[PDB]
């Protein structure tokens, strides 16, 4: 909870949002400050928002994007992965799809795949 990095088990890459070029993605390598997110509990029990730069990570059924608006599609639940203690899938409430990656892009996927396992750890 609070400021955190969001790192993928499969490749060690971290989600980032760069406001200076409006670039959302996943990056493997150096730990830049645009990889630091605000992970906050939402109004609805069991659901969270993932935010940077006054925007929220959302999935609109077509793309994973950043939203200025705290709307339904910004709600995510954590889903335990028993084989990998400390890792979670991030499941979008509205569209029931998992946060995933394809190359350097964040995507959503209803299938359960090895690239959907994330660890959220304190930035400071």
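Numbering follows the first chain given and starts at 1.
Stretches 76-84 and 25-33 differ in mean CA B factor, with 76-84 having the higher one. As listed in the deposited structure, the average C-alpha B-factor of 67-75 and of 49-57 is greater for 67-75.
The PDB entry assigns the greatest CA B-factor among 102, 112, 18, 11 to 112.
In this PDB entry, residue 91 carries a Cα temperature factor that places it within the middle third of its chain's modelled residues.
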